[PDB]
Number of protein chains: 2
Amino acid sequence: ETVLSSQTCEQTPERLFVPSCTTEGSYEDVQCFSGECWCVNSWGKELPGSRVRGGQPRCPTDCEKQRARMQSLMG
Amino acid sequence: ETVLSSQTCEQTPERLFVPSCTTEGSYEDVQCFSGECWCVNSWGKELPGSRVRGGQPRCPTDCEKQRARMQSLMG
């Protein structure tokens, strides 16, 4: 069970990155640190390529997720 | 002459990066923008690999420049 659980343990975070999250406690759609920002899903994994230099990335909608999934399956 | 001058024109800077510089006007050894910092020489070219995530990079001394030059010439 633990070696299944470690398949998604690819996390070497910085010591001081605070994860901002909602009043009920679900993860905020944008996470920012050190002038960088990115989109995360409901779990704490950033979406690949969503990291932007400036700030406030637009988190992808249903169409972009469907396009990425169909392209990857077409691969 | 101009096509010789454009050999070092590899510059697509951001609109709002202000270059901080000395009282007499020589370039400061560290230039910072948007949470990054880097070392530049007397001309306005950043030294490759000197960009750091946190801030305040130690600009290389004589030994590091000599080591890089000797390694590159050994190449």
# chains A, B, ... in the order shown; residues from 1 in each chain; ligands from 1
>>> select_by_dssp(residues="chain A", states="helix (DSSP H, G or I)", output="PyMOL selection string")
chain A and resi 2-8+62-74
>>> interface_residues(of="chain A", to="chain B", cutoff="10 Å", atoms="only C-alpha atoms", output="list in words")
residues 33, 34, 35, 36, 53 and 54 of chain A
>>> write_last_selection(atoms="C-alpha atoms", output="tab-separated table (two decimals), in the first residue's frame")
chain	number	residue	atom	x	y	z
A	33	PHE	CA	5.19	31.69	-4.39
A	34	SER	CA	8.24	33.92	-5.03
A	35	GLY	CA	6.59	35.84	-7.85
A	36	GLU	CA	5.48	32.65	-9.62
A	53	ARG	CA	5.97	34.36	-14.94
A	54	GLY	CA	3.72	37.32	-14.16
>>> residues_around(residues="residue 20 in chain B", least_positions_apart="4", cutoff="12 Å", atoms="only C-alpha atoms", output="compact mmCIF listing (two decimals) with N, CA, C and O atoms, in the first residue's frame")
# COMPACT_ATOMS: atom_id res chain seq x y z
N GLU B 24 28.09 57.01 -10.20
CA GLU B 24 28.74 57.43 -11.43
C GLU B 24 28.09 56.82 -12.67
O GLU B 24 28.34 57.30 -13.78
N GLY B 25 27.27 55.79 -12.51
CA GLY B 25 26.47 55.26 -13.59
C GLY B 25 26.92 53.93 -14.15
O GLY B 25 26.30 53.45 -15.11
N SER B 26 27.99 53.33 -13.64
CA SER B 26 28.33 51.98 -14.06
C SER B 26 27.27 51.00 -13.55
O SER B 26 26.67 51.22 -12.50
N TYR B 27 27.02 49.95 -14.34
CA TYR B 27 26.04 48.93 -14.00
C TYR B 27 26.36 48.26 -12.67
O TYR B 27 27.52 47.94 -12.38
N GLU B 28 25.33 48.09 -11.85
CA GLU B 28 25.48 47.32 -10.62
C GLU B 28 25.78 45.87 -10.96
O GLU B 28 25.35 45.35 -11.99
N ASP B 29 26.54 45.22 -10.08
CA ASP B 29 26.95 43.84 -10.32
C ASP B 29 25.77 42.87 -10.28
O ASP B 29 25.82 41.85 -10.96
N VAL B 30 24.71 43.19 -9.55
CA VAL B 30 23.50 42.38 -9.52
C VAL B 30 22.34 43.19 -10.10
O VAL B 30 22.21 44.39 -9.81
N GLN B 31 21.57 42.56 -10.98
CA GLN B 31 20.35 43.13 -11.52
C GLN B 31 19.20 42.21 -11.17
O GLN B 31 19.29 40.99 -11.37
N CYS B 32 18.12 42.77 -10.64
CA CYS B 32 16.99 41.99 -10.17
C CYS B 32 15.70 42.46 -10.83
O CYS B 32 15.53 43.66 -11.10
N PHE B 33 14.81 41.51 -11.08
CA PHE B 33 13.48 41.79 -11.61
C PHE B 33 12.58 40.59 -11.36
O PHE B 33 12.99 39.45 -11.60
N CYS B 37 17.27 37.40 -9.71
CA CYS B 37 18.45 38.25 -9.70
C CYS B 37 19.55 37.55 -10.48
O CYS B 37 19.58 36.32 -10.59
N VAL B 40 25.67 40.67 -14.00
CA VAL B 40 26.03 41.20 -15.30
C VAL B 40 27.46 41.72 -15.24
O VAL B 40 27.99 42.02 -14.17
N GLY B 44 25.80 45.25 -20.57
CA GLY B 44 24.52 44.72 -20.14
C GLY B 44 24.18 43.34 -20.66
O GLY B 44 23.16 43.15 -21.33
>>> residues_around(residues="residue 47 in chain A", least_positions_apart="2", cutoff="12 Å", atoms="only C-alpha atoms", output="ChimeraX atom specification")
/A:29-31,37-45,49-52,57-60,64-65,68
>>> select_by_dssp(residues="chain A", states="strand (DSSP E or B)", output="number ranges by chain")
A: 21, 27, 30-33, 36-40, 46, 52
>>> write_last_selection(atoms="C-alpha atoms", output="PDB file, in the first residue's frame")
ATOM      1  CA  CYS A  21      -6.948  27.555   0.452  1.00  0.00           C
ATOM      2  CA  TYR A  27      -7.224  24.167  -2.384  1.00  0.00           C
ATOM      3  CA  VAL A  30      -4.105  29.348  -8.113  1.00  0.00           C
ATOM      4  CA  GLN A  31      -1.058  28.858  -5.883  1.00  0.00           C
ATOM      5  CA  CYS A  32       1.680  31.492  -5.843  1.00  0.00           C
ATOM      6  CA  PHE A  33       5.186  31.691  -4.393  1.00  0.00           C
ATOM      7  CA  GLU A  36       5.476  32.652  -9.621  1.00  0.00           C
ATOM      8  CA  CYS A  37       1.940  31.306  -9.897  1.00  0.00           C
ATOM      9  CA  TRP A  38       0.385  28.082 -11.141  1.00  0.00           C
ATOM     10  CA  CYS A  39      -2.876  26.141 -11.305  1.00  0.00           C
ATOM     11  CA  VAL A  40      -3.458  23.054  -9.157  1.00  0.00           C
ATOM     12  CA  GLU A  46       0.373  21.628 -10.296  1.00  0.00           C
ATOM     13  CA  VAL A  52       3.333  31.712 -15.590  1.00  0.00           C
TER      14      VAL A  52
END
>>> atom_distance(atom1="CA of residue 13 in chain A", atom2="CA of residue 1 in chain A")
23.5 Å
